[PDB]
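>>> here's a sequence, model it:
(one chain, ligands or ions: 5)
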Amino acid sequence: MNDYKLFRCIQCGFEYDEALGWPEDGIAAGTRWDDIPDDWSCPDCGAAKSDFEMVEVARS
Ligand SMILES: [Fe+3]
Ligand SMILES: [Zn+2]
Ligand SMILES: [Zn+2]
Ligand SMILES: [Zn+2]
Ligand SMILES: [Zn+2]
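Numbers count the residues shown, from 1 in each chain. Ligands and ions are numbered 1, 2, ... in the order given. Next comes the structure:
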(Lines give C-alpha, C1' and ligand atoms only; values in the text may rest on other atoms or scores of the structure.)
(Ligands and ions follow the chains in the order given, each with its own letter.)
Protein backbone atom coordinates (compact mmCIF):
# COMPACT_ATOMS: atom_id res chain seq x y z
CA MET A 1 0.00 0.00 0.00
CA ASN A 2 0.99 3.67 -0.18
CA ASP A 3 1.49 3.62 3.57
CA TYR A 4 1.06 6.83 5.51
CA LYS A 5 4.43 7.97 6.80
CA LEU A 6 5.66 9.37 10.11
CA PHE A 7 8.09 12.30 10.26
CA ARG A 8 10.10 13.25 13.35
CA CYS A 9 11.44 16.71 14.16
CA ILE A 10 15.21 16.38 14.58
CA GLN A 11 15.21 19.20 17.16
CA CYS A 12 12.45 18.32 19.65
CA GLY A 13 11.11 14.87 18.70
CA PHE A 14 7.59 15.91 17.67
CA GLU A 15 6.13 13.44 15.17
CA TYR A 16 3.80 14.30 12.30
CA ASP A 17 1.73 11.38 11.02
CA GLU A 18 0.40 11.68 7.46
CA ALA A 19 -2.56 9.53 8.54
CA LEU A 20 -3.59 12.13 11.14
CA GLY A 21 -2.57 15.45 9.62
CA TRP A 22 -2.58 18.51 11.85
CA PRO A 23 -6.18 19.77 11.92
CA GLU A 24 -5.44 22.76 14.15
CA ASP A 25 -3.44 24.31 11.27
CA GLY A 26 -5.83 23.26 8.50
CA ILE A 27 -3.79 20.19 7.54
CA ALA A 28 -6.31 17.44 6.89
CA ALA A 29 -5.71 13.84 7.86
CA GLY A 30 -4.06 12.13 4.91
CA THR A 31 -1.99 15.15 3.88
CA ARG A 32 1.26 13.83 2.46
CA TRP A 33 4.49 15.48 3.57
CA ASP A 34 5.21 17.06 0.18
CA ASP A 35 1.72 18.60 0.13
CA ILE A 36 2.08 20.44 3.44
CA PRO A 37 2.65 24.16 2.72
CA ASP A 38 6.09 25.46 3.58
CA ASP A 39 4.59 28.04 5.98
CA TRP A 40 4.04 25.17 8.42
CA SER A 41 6.55 24.48 11.18
CA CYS A 42 6.99 21.98 13.97
CA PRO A 43 4.27 23.00 16.47
CA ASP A 44 6.49 22.28 19.46
CA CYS A 45 9.75 24.04 18.53
CA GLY A 46 9.20 25.98 15.28
CA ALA A 47 11.64 24.01 13.13
CA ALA A 48 11.00 23.98 9.39
CA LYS A 49 9.89 20.93 7.42
CA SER A 50 13.46 20.51 6.21
CA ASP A 51 14.36 19.72 9.85
CA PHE A 52 12.31 16.50 9.94
CA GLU A 53 13.39 12.91 9.29
CA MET A 54 11.12 10.18 7.99
CA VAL A 55 10.57 7.37 10.51
CA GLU A 56 10.59 3.71 9.51
CA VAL A 57 7.54 1.91 10.90
CA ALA A 58 6.73 -1.79 11.16
CA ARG A 59 4.07 -3.64 9.18
CA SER A 60 0.55 -3.58 10.58
FE1 LIG B 1 10.35 20.38 16.80
ZN1 LIG C 1 2.93 -0.76 0.37
ZN1 LIG D 1 2.26 15.80 -3.66
ZN1 LIG E 1 -0.92 28.49 5.86
ZN1 LIG F 1 16.02 24.60 10.50
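
>>> near ligand 3, which residues of the chain?
The chain comes close to ligand 3 at residues 34-35, as judged by C-beta under 5 Å from the ion. C-beta: built from backbone N, CA, C; applies to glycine.

>>> please enumerate the strands of the chain.
Assigned by DSSP state E, the chain shows strands spanning 6-9, 15-17, 52-55.

>>> please identify the deepest-packed of those.
strand 6-9 (a mean of 18; mean count of other C-beta atoms under 10 Å).

>>> that one near ligand 5 anywhere?
No: shown here: strand 6-9 not in contact with ligand 5 (C-beta under 5 Å from the ion), separated by at least 9.7 Å.

>>> make a markdown table out of the strands of the chain and add distance to residue 43.
Shown next, in a markdown table, are the strands of the chain (distance: least, C-beta to C-beta, whole Å):
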| stretch | distance to residue 43 |
| --- | --- |
| strand 6-9 | 9 |
| strand 15-17 | 9 |
| strand 52-55 | 12 |
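
>>> for ligand 1, find the nearest of these.
strand 6-9 (3.2 Å; C-beta to the ion).

>>> tell me which strands the closest one pairs with, and in which orientation.
Using DSSP bridges, the strands paired with strand 6-9 are strand 15-17 (antiparallel), strand 52-55 (antiparallel).
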